[PDB]
Structures are given as structure tokens and as C-alpha cells.
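Working notes for the structure below.
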Amino acid sequence: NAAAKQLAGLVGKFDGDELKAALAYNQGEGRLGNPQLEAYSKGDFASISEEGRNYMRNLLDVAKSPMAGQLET
Amino acid sequence: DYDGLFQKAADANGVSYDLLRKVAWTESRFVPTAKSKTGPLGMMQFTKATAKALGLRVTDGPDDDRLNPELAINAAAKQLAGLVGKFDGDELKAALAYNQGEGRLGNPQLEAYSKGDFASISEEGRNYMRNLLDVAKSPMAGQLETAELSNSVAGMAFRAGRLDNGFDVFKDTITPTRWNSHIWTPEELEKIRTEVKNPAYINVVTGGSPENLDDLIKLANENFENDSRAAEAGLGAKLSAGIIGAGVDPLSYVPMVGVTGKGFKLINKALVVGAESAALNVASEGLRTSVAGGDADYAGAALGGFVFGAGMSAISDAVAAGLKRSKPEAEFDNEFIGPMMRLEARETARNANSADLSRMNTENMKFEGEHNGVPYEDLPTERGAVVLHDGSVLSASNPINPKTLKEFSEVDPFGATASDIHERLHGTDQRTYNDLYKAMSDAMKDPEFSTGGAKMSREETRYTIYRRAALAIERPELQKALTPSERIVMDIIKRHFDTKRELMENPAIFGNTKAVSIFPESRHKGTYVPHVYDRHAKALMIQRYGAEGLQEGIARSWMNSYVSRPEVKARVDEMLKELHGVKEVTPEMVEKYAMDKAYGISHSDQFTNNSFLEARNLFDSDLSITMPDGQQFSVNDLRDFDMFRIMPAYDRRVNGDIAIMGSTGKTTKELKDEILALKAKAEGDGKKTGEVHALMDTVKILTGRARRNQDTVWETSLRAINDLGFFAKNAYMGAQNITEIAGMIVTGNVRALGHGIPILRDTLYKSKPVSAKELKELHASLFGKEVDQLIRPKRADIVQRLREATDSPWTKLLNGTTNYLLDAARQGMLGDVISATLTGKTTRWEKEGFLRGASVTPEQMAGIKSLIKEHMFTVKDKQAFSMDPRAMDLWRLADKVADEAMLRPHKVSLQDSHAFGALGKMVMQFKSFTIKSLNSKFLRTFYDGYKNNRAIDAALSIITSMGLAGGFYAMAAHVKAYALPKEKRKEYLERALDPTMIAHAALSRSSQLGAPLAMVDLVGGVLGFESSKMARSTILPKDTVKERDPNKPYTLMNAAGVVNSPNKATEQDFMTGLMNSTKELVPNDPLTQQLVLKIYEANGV
Amino acid sequence: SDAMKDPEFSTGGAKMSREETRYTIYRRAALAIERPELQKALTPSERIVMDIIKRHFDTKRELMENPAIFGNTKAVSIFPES
Amino acid sequence: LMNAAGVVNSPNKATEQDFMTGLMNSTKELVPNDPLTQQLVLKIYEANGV
Amino acid sequence: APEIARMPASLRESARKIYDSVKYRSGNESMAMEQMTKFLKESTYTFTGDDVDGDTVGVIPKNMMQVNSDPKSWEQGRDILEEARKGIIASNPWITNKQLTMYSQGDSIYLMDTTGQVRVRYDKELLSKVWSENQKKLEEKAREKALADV
Amino acid sequence: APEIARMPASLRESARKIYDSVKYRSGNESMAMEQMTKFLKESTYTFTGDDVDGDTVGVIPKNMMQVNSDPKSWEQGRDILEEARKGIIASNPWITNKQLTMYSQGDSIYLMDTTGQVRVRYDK
């Protein structure tokens, strides 16, 4: 339940774009990660890294961010 | 001798005050008796005018030789006020008419004056008329007349201005208008209540607009129609979206009269991120409150919080640039932009159901903390502050942030159980206190008390509502004639006391089935309102016909009712037969019974373990018997009311006795004996007998002695909000916003009233080390506030009536600040009188012409009573110190001086700034700041336009409340510092004088009068009962102390509903508690906020 | 003065007037007090005089039955037939 | 208005409102209220003479 | 707008008229405020403070500051009233400009620091006649050294 | 519309005035608006975010970020302020998102993140 609330905040704290929430959880919110969360805001990019982009791609199911249609390609 | 008499004689029937002083000086050179060449023998020098003048006015006179010390001054003041009236607002002609006679030789001159100063006037005439070229303000005063020898511009100004030397803040700023200052005629109230929709608009007069009330109704209705049509739309819309972010100042804004609420929900467009429309649970929702108006009181607060916060931000940016002209930058942060933005974001998240963008994040770690459960963390940023686990950040100088709460609590000046009964009762009585507070706040606002000009206000405007709600309960005919919006407080009081009664007659409605009827006299069937007689009303009655007088009065006053009703005649005899005597009851039996039961109130001050329910003497006390001096003497005059030191001081004793009853039985005998007989039996050497002392403490806490604890409201609200954040994520934001506005208002008041007022700026709020000799003055200043709280008559209709029985600086207007300043300057004057007399002497007071209410002998006595009880000086504080028939003369001397000299000149001056006293100068400079602000451009242009002497009242009341709050804490701070090791450990002195702690000390302190009900009574959750668990567990094996221990601790309302109610709280309960207890420090009417704003910004930061 | 001005007595042409127009109001206010059915049928702007008469006489009665509501505690029931 | 308990409590001299209403009432029998009978009395007097 | 809000009194009594008059003409309630404001500008000086805000301290009517009998004189007199308001602020230190108000009456230019203590009157008769004598003998000095050239 | 919403701060009063005039003249409210929007739009520059949304951060009035006398100074200032806002976002972005906003008080292009963490004042 605590992790579900954290992820629901990450879905809320940014937008109806769950993929960025997943990336923020995996890569940390605010450490190394925070540049990536901002970097995402410019297209899927390469500023994001080995585990970041691949894990973000793994959740190309539900839903429903613009970058989810934009990650591939 | 002396000007104290003039201050009281010139505020009646007229008049330019300084005129009387000048006339007295010129005609007498300050000599009490007199004789003259032309005949007149008196201060004002009248012999011809003895009979006619004395007779023609408020007080008449007797002979020639007996020209009185006061009757003559008042008669001459009336004559001069007529001379000012009989001609025009040209006081100089009045002076000339007095000096040269009206109608003799003189009358040509009075007419001659009407053609220019002239020469038709003569040697004494023109010169004496010129002597009064001070105040004021005739055309001929500018017309009488007509470096040093330089041209050059300077010169011209110097030789034309000609300094006036007079100013009445009450003729040139607030002029008492016709509609304001009108006590309402008892009939006109009936018209106002029926033909006015909201009485708040009876004050505003744009006109106009007499006569008469048949026009004020047509205006206060049309303005209420013009308000709800547009004022609402415009203000709400304009500020709703983007109050900061937009964002405005508002430093130059319309006086903002109309707005109340209404349609103000700040959904800042932007700052909303994920907008999940619906809900997280069935909690959340919106403010989870149980009072109607809960969504408008909050709204009002917010408009008033947002406007004030944005204004403080703009004014701190302005003073920043005002300091940039000296140096380009020091640090200047400075300011509240942080708190106000993090409050706007929270409000947007509350109204838009998501996106808490005001959440710092995140790490770490949550050390150190931790005052109560909640762990905080300090952010290296703006001073303070804490960050939560969410973390919703709490600005420093807030009543919640646990770092500040610690810092302040740091260095500064089967069926069960008994404890379950205590919590059920403290959880239902807080609810009924909140429901009573709602109705009282709704009633003390009816027209009688507020719309018209001030009358009894305001500590009396709740006393004269509780008096009605008590006298309607006890005798029900009087009921029938009470205002409806006010009958709902009598209903709740009667129901609350009736539930306590229904629960005391059979307190077996609990685990046990024993414990029988704690109540004193069942069969005496009425809502028993607690008869608690007063100390000072008994003092006034024992001053004349002292001991046997009152002892016979309270007896015969009951004997009247014993024969004046056919049913009390039965219910007294039913009690008398049972005690002593066969059926026939002799009228000597009832006489002895009444005499001996009145003696309990006559001699020993039992009424101001055992209890005070016991004073429920069966007679009814309504009829008054005539004393041999003529004055009709009832017993309700001995009684008390005001449900402030009565209701919450009765509820705790009743809840203690009920809980100890539900345990096993009676409180006194049973409990005491048993707990002691474990003490005196087992035993001195016993290691586990301190654990028996632990249970004795349970007993004290439960019973309600409570060890004067309930440390603070706020240390409870901290954990309350911490736990509220878990379930209810909307009330969580609401309760943070209200408390944040609360903290911001007071932290603004500290800054402003620190820059503006002199005594506070360079010494009291000054960091360190020590005021050299002002320690001898700080001690006396604090001892003054001690002695006042020890002596003052704990009522409301006994103080102002005693004060006016002798007949900003004037209680007819802006009464709110005048009340605080009176109950402030009085402690200073009193402590000065004590310290001066003490050891060592300074008798400015003993030789006074303010010798009213104090004759030579009483004054001299007030001296020996002061000398006998203290030494260079916190000494006694003794029971005999208060139960002293001569001690009320000290209180009266002090209050009369504080209302004659310190607080009733119409101008601030250099009177005592190189003289007494420490608190005297503080309150004098507070009155000076009040007059200075009341002359600002913003506020003067707002009064002229709308009048409304109530809005500036509610503005200048909060300022002075928080100001005296900061002052009384800062003064004690230096004394405690000087008691800290004198090895300078003033770093400690510094740790406790800073705007992050002063703003808090000015919250959990500083009555804050008059408020229906109290701050503490409305929030509080008494918790443990930790040592109680200690005792239960550790004495489990031990003997029989266990057998006692499973009794006390665990590990609207009818008598049946109190038991069923839950024993902890409801989210709505604490929500309404917080939303109510803050209305006494964050107002509702959102224009007094922006008035306070312009008052602060005009002053500085 | 508020009742002797209702329509019955004044608006129309004169009837009993005027030493009688107070007598035929006090007659009604006394005969309504003593027997209370007759009450029920009295004009409102006129019932407020029966109310005050009844209250005044009732207060004198309540004060005569026990005139000890004063200094003394003797003096018993001056009234004729309580 | 007055119950038996209120008569005792009442002051024993007067109130300013008391004598005021007394005077304002006892004079309605010799100075009328309806202001047209006054000016009728007027023209009745002036037609007669002085 | 400073002048309209603090409306000096005599001018307020006139003010009521012009507004009601102009409104009955063509499209109004701006044109009306327009004329009323331009009139009050043509008829009262606003005395501004030395501070850089700069908040107004008074509206004293351009007719009653007149030394002598012509309006060039009103102008010259403003140069007396400003010298007066300045000497006060520096002389009694702490009376910062924000604190001072200049308040008229029927016929008097009156000057107060907010605490009631310091308050100098300034009146048509004395301002006029003092300026008259001062201008007189200063103009005397002027003639003296002007003719000294010849 | 970024411009009509938010409001420069100072402009509102006038903006409103420009509106009424056009509405009284030709009485089409939409026409009035297109003569209010054009005006707010000439007057202020809506700083936009680097993100591809691209949600606005603030509308600062084109007058108070002027540098030297010529209006091209507003143009030059736009550059200093943008370099700074990547100054703020690149200096310790504990969190930025949309949390950071910037606006003008009566006379100060204050930039402040929602919180008390980063307030920057840039004054003419």
C-alpha cells in the first residue's frame, strides 16, 4: 500500500503520464535521476540510461503517456 | 488640582479639554480655594454664577462658601460648553464671553468680536483672549494675530506657522457621527431585527444619512442587495485565480467593504497538476466539518489570510527598496513569499482535489525530532523551518512546527472503567462546548450589541447573554422574552446541565451497578445551574454592613422565596422533616436552616477532596429583600455567570466525581480513605509505594485538579493534524492553511509592532545583555500583572458598573482596543504604586487630586496593606492578601488612575516617558501607535467614506492584543535571563527573543478577551495515564493495590447519548474545534484584515 | 386607546359613545376573565387589555395570599378566600 | 407584564421613561393626536373672534 | 486617485455639481470622471512627499495658498508651505514624511505629524502678509545692489 | 490562452479598460476580445518551458525587463532571464517539473519555485 501510494503520487505529481512515474520510481526522484525525469520531458531521448530507457520501455502497456507512443520510435 | 478632574469633567457635556486647563490656570494659578478683588472666590472664580450655573446643569450647588472641589468644576465646564455651543465652533469667543461676562458690559464685546478682533475689546479682554491662541479653532484665532530677521523662504515659514498645541483625535479624525454612538432605543431594536436582513450594514453610512432609522433600513437593505449582486462576483473572481502567482499586491486597493467570503475558492489556474476529479475515500471530500458556515468561515479566513499575506509580501519588498538606498544588499530574505506561495499551492490542491505541489521532497533523515510522535527535519533555508514526512512544510513561527513547539517548551518564561468515563465525558463536553460557541458567536452579533453605537462591550456582551440564558433557565417566565438567535444558547446550556444532572442522579449508567446518586438534593427538580457566588460581590456587600449584614441578607432573601411559592414551601419541608423533626415544621426550623446554610457563603470563601456542587441550597434565590439602607438586595447579585470560569470549571469537577463514582463509589470519603490507608499502611520503606503515589496522581488527574497543565492547545493539534493527514487528505490541507495563516498574522504583528513602538524596539525585543536598572522596573511590571489577576473582580457587570459609578482614549468608540489598554495600563499603574510605596518612597500618587474613590484614609491604607505584604518583589500571593476588605480599594485606585490619566487624554504627549512606568510607557506608546495609525491616509479616508467604527475596532483590537502578547512575554524573558546564570549565558537569552518564538508566544498566551468559551476548552485530549499502566502492571502481583487498579485506568445530548458516544474523537470533532478556536485570532470579516494590512505598512517593518 | 379605536366603535356611525365605549370594553375584558369560554371571542387589538387587567389583578392576588414577600416573615394571607 | 416576583424587584421611586410615558399619555386627553382636529379648532376660533 | 479621494472640502462641495452636470451630456461616466478630475487638477495642488514612493501628504486648495491677490502668487506661496513642511520633518527627527499630513478646513492650511504633537497652522492672513513684508524688503535689497551698478 | 489567463499583474486594470471600450464601440464581444488579446500580447512575453508540452511558466510584462532605453533592451533582457532560468533549473534541481513559476510583483520579475527553496529577484 505504501508503494502504491508513492506510485499514485508519481502519477499525480507529474501528469496523466504513467511512464514518467515508472521512470521516476526506478531511477530515483531527485538524485542522479532528477535530470532524467526532466530529460524525459523533452522526448524519450538518450539523456536516459541503460536501466532507465529499457525499464521504461518494458511498461509499454497501460498507459497512456505521449512518450509511450513516442518511446517507440 | 489636578488635571485628572479636568480629564473627566471635559469629556462630559463638551469640550476642548485643554480649554478647561487653561481657564483654571489663568483664573486661579492652581489654588484649590480662592478669593478675588472683584468678588469671586473659587477656582473658576465665580460668585455671581453660584446659584444659576450650578442649578442649570448636571449637578446642583448649595451655598456661597461651599464652592465644591468637583461640583464647581463640572458646573463651570458645562457653562463653558454652552458658551462653545451657544455661539459656534469658535472657542475663543466662548473664553472671551466667560472672562468679560455674558450680557453686562461684556455683551457689546461679544458682539464686537463678531466683526474682527478689534479694539472695541479691552485691556483684559483682548490679552486674555490672545492667551488662548492654542486649541482651538476660531477664525478670529487666526485673525487675532494679526531664523528671526531673515528673508530666504525659511523665514516666511517660521513667521507664519505659529504652532497650535492642541489636537483631539476625536474631532479631527473620528468624529462621533449621529448613527454611531446611538444606544438603541428598546423599541428600535424590534424594527432593526425585522426589517434588516444582515445588521452588519447598519454601521456603514455613505451620505447622509439622517433622519431616521426608517432611512437607515432602506439603505442597509439596498446596500445588502447591491453587495450580493456584484461585490461577490468581482472580488471572488479577481482574487480566486492567482492571488500570488498572478499576482497582485494589494497595497493600493479599495477599502474592500462589501466582500464577505463568498465565492472565493482559489483554484489557481496552473499549479494544478493531476486533477483527479473525484475522491480518495469517503473521507477527504472538503473541510470535514459539523457546523453550518463551515465553508464560509474558512473562506472568510482565507480571503483575509491571502490578502494579508500578499500585502505583507509587497510591503516587505517595498521596505527592501527603502533600505536599498543605504546599501545595495545585505541579505534581505525577507520575506513571506515562501509561506504565502506554499499556502496558495496548498489551497489550490485542496480545491482541485490533487496536486500537492507545496510538498518539499524528501530526504533526509527524520532526525532529530521529535516532540510528539511526529519526526521533523530542519531545512537549511529561511529561518526554521521543519519539513514533514509528506513533507508538507510548515513555515517557522507557526503554532504547529514541532521544532518551535519544543523550543518554546524549552527555555522561556464486565463494565469499565473510571478513565473510560473521563474520556467519554471529555469527548462529549468538547462537542457541546463547540456547539455552544457557535450559537454564542451567532448571538453576540445581533443588533443590540453591535449595530448601534457601543454599549456594554465586549467582555460584558457575553456576560449579558449568559445572564439572560441563566435567568431564563431558572425561572421560566422570563424565558418567553428572549431573542431567537439567542434562545439557541439557552437551549444548549439547559440541555448540557440537564444531561450532567440526569447522569449524576444515577451514575450507575456504566459498568458498576452500585454508586448511588452523587447529586446533592434529588427531588429539587430543576436544571440546576451551578450557584457559585463571587468573591468581589461579597466584598462589596461586606464593606458596608459587613458580617451580619450579608449573613442575614442571604438568609432572608431565601426566606422570601420559601413563602412566596407554594411548591418550594413543600420541597423545603420535605427535606426538613427528614433531617430533624416530626411532620409539623416550625418556622424557626427553616429560619435556623437558612441562617446556617447562608453562613457558608457569609464568612468562609468556599465559593469563588471536596466539591462546589454542595452549594445547591434548596431555596430559590430570585426575590430581593430591602436592606436597612434602602438598596434592594437579591442573591443573584452574589451569584456568578459568564460560563467561562464557571462552565469548564464545573464540568471538570462533575466529570471527576462521576468517574470516581462509576469506579466504586463516592469521591471524598471512599476514595480518599482507601488510597491513603494504603499509604499509611504500606509504607515508608516500601519500594513499590511510589507506585501507590502514582495511582494517587491518577486520582488527581481524573478528578480534575489536573495540576494546571493542559500545557498548550497546539501540542495537541500537532499530533491531531499529523494523524489527520493519514485518513483525510483534504482536511489535512485545510487545517494546515488555517494554522499557517494564524502563524503568519502573528509573525507579521511581531515585525510591525517591533519597528513601530519605541519601548519594544530598542529594549524589550533587543537581544542582549541586560537593561541595567530596568530590572527593578521589570519586576514591578510583572508583579502588576500578577496582582491584577489575583485581585480583579472576576465578573463583567461588576467592573464597568463600579468604574462608572463614580460619575482610542475614549470607550465610546473603538471599544475593543480601549478594553485591552485599560486592562493593560492598570497593571502598570498598580505595580508602580506597589513598588513606590514598598520600601523606599516616591509619593506622586499619595498627593493626588485624582482623589476620587480614594480618600486620605483609604489612600494611606492602600499603602500599609501594600507594605505589609511584599519586599524588594514577588511576595504574597496570599489567601489573606485577597480576603482583605481594604484590598479592593487598591484595585479601584489603580483602575481609576489608569482610566483618568493614562488612557483618557484625547492626545498622546510627553507625559511619562521620563517617568513611571515600565509598562506605563509601553501602553502609552501603544496608544500612541493606535492614534498614529488611525491618522494614516488609508484609514482616515476609509472612515470618512464609510464611518463604521466597528471595522477599525476589530482592526486595532488584534494589533493591540498581539502587541501586549509580545510585550508581556519579552518583559518576562529578560527577568528569566537575569536569573539564568549571570555568568553570561545570554546566548540563552538570545535563543528566546526572536520573531520565530515571539510569534508563538503571542498565540498560546495573552487573553484574548472577550471570547465566548475558551481556547483550551475547545481542543484537548488528555492522554495518560502512562504511570497508571505502570502501577497496574507492577502491582499485579502486589497485594491489594491491584484490586484498586483495574478500576481507574485501562491498559443535543440526552443522558443516554453521552454513554453511547465514542471515547476518543471524530475527525469532524477536531476539525470544528480547530475552525472555532482560531476565530479569536484569525478574523472572519475580510476587510479588517486589509485594514490591519494598511495599518502595518503605514507603520513599517 | 388602541382598542377604543377599532371599527365597531368609531368608523361607522356613532353608537354607544363614549363614556360607554370604554365601559363596553371593560365589560368584555371582565366577563372574559371570569368565565373563559366567552373569552375566545374577543377582538385581538382588544384582547391585550384583558391580558393586562388579568395580569394586574392576578399579581395583586399572588401578592396578597402571601404578603410575606417582604421584610417580615409573619403576616399571613390577608386575602379573603384562598 | 408584572408577575408577583417582579413587583418586589422593581425600583421604588421611578424611571425617566416612566414619568415620560406618564406625561405623554395623560396629555392625550387635552392635546389631541389627529392633527386636523387642531386646525379645525383653529378655524372655529378665528371665525368666532378673540 | 489622490486628489479625488482626499478631496479637499470646499472643492468637494463644488465637485458634486460638475459631475452631475457633465453626465447629462453625451456618453458619460468616463467623460464625467474625466471632466471632474481635470477640474480638480485645475484647482488644487497635491503636496507630494520627499520620499521616493511618493505617497501624497495633502491636497490643499490652489485658491487658498495665495499670497496677495493674483495666482502667480499662489505659486509663490507654495514655496512657503513646502519650506514649512520640510523644516518640521528634519527638525523633529523621526517624523518621516510618511507620518506627516496637511489638512485644510473652511479657511486654514493646517499641518500635522500623525502623533498629535506637532501641528503648525498656516492661514491666508498671516502667510499673505508675512510674504508681503518679506518680498518687500528683499526687493529693497535687490534695488539697492541693482542701482549700485549705476 | 497563456496571455489572457495569468495576466501580467499590472495590466489587468487597463486590459479591462481596453475591453469595455471596444465592446461599446462595435458590440461584438469576440471582436472586443481580439482587441484585448492583441494588446496583452503586445505587452507581455510569455516565457515558455523547454519541455515539449510546452506549459508556460510565466508572463512577465515586456516593460519591466527592459535593459537600456531602446525597446530592443526588452529583447536583450529576455536572454539574460532565460539563461538564468536554466540557471535556476540547473542549479540543484531538487525538483523542478512545473513547480517553478516566475512573475512580476508591482515592479520585480521575481522567480520562485513553489516552496521557499528558490526565490530569485531580478529588478529592472
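Line by line, the protein sequences give chains A, B, C, D, E and F.
Mind the numbering: the first sequence is residues 84 to 156 in the UniProt record's numbering, read in order.
Mind the numbering: the second sequence is residues 11 to 156, 236 to 502, 551 to 745, 762 to 960, 983 to 1047, 1055 to 1233, 1262 to 1311 in the UniProt record's numbering, read in order.
Mind the numbering: the third sequence is residues 578 to 659 in the UniProt record's numbering, read in order.
Mind the numbering: the fourth sequence is residues 1262 to 1311 in the UniProt record's numbering, read in order.
Mind the numbering: the fifth sequence is residues 562 to 711 in the UniProt record's numbering, read in order.
Mind the numbering: the sixth sequence is residues 562 to 685 in the UniProt record's numbering, read in order.
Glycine included, every Cβ here is placed at the ideal spot set by N, Cα and C.
With respect to residue 449 of chain B, residue 468 of chain B sits close: the two C-beta atoms are nearer than 8 Å. Contact annotation for residue 648 of chain C against chain B: 778 and 779 [CB-CB distance below 7 Å, chain order]. Proximity of chain F to residue 128 of chain A at the Cβ level (cut-off 7 Å) is not reached, the minimal Cβ distance being about 11 Å. Shown here, residue 466 of chain B sits in a strand according to DSSP, grouped into three states. Here DSSP, grouped into helix, strand and coil, assigns residue 140 of chain B to helix. For residue 700 of chain B, the closest Cβ of chain C is nearer than 8 Å. In the pairwise beta carbon analysis, the region 1135 to 1152 of chain B is classified as touching the region 1174 to 1192 of chain B: at least three pairs are separated by under 8 Å. According to the DSSP secondary-structure assignment, residue 666 of chain F is paired through a beta bridge with F:669. Secondary structure at residue 785 of chain B: strand, using DSSP grouped into helix, strand and coil.
One Cα belongs to residue 658 of chain C, the other to residue 774 of chain B, and the distance between them is close to 29 Å. One thing to note: residue 406 of chain B has its Cβ within 8 Å of the Cβ of residue 666 of chain F. In the pairwise beta carbon analysis, the region 570 to 587 of chain B is classified as touching the region 1194 to 1209 of chain B: at least three pairs are separated by under 8 Å. Residues of the region 431 to 452 of chain B that bring their beta carbon within less than 9 Å of a beta carbon in chain A comprise 443, 444, 445, 446, 448, 450, 451 and 452, in sequence order. Boundaries of the beta strand (DSSP E) around residue 609 of chain E: 605 to 609.
Under the three-state reduction of DSSP, residue 1006 of chain B is assigned to helix.
By a beta-carbon distance limit of 8 Å, residue 681 of chain E contacts residue 252 of chain B. Their separation comes to about 5 Å.
The Cβ-Cβ distance between residue 1130 of chain B and residue 292 of chain B falls below 8 Å. DSSP places residue 648 of chain F inside the alpha helix (DSSP H), whose first and last residues are 633 to 651. Boundaries of the beta strand (DSSP E) harbouring residue 682 of chain E: 680 to 683, taken from the DSSP string. Along the region 855 to 883 of chain B, none of the residues has a CB nearer than 9 Å to a CB of chain A. A contact between stretches requires three or more CB pairs, one per stretch, nearer than 8 Å, and the region 788 to 798 of chain B meets this requirement with the region 662 to 670 of chain B. Contact note: residue 1311 of chain D does not reach chain B at a C-beta cutoff of 8 Å; the least C-beta distance is about 35 Å. Taking 8 Å as the cut-off, the beta carbon of residue 500 of chain B is found closer than this to the beta carbon of residue 1170 of chain B. Looking at B:1283, B:1294, B:366 and B:1266, the one whose alpha-carbon comes closest to that of residue 641 of chain B is B:1266. Membership of residue 619 of chain E in the beta strand (DSSP E) is indicated by the continuous run 617 to 622. Assigned with DSSP and collapsed to three states, residue 778 of chain B falls in strand. The shortest C-alpha to C-alpha distance from residue 460 of chain B to any of B:362, B:872 and B:907 is the one to B:872. Residue 661 of chain E: not part of any alpha helix (DSSP H); DSSP gives it neither H nor E. Residues of the region 346 to 369 of chain B with a C-beta atom less than 8 Å from some C-beta of chain A are 362, 363 and 365, listed in chain order. In its chain, beyond the 5 residues on either side, 1068 have a beta carbon closer than 6 Å to the beta carbon of residue 1036 of chain B. Around the Cβ of residue 556 of chain B, a 10 Å sphere holds 16 or more other Cβ atoms; the residue is buried. Residue environment analysis places residue 650 of chain B among the exposed positions, since fewer than 16 neighbouring C-beta atoms fall within 10 angstroms of its C-beta.
In terms of Cβ geometry, residue 390 of chain B and residue 891 of chain B form a close pair [threshold 8 Å].
Boundaries of the alpha helix (DSSP H) around residue 116 of chain A: 116 to 123.
Using a CB distance below 8 Å, the part of the region 646 to 668 of chain F facing chain A consists of 650, 654, 655, 656, 657 and 658, ordered along the chain.
When C-beta atoms of the region 583 to 602 of chain B are compared with those of the region 940 to 958 of chain B, three or more pairs fall below 8 Å, so the two segments count as touching.
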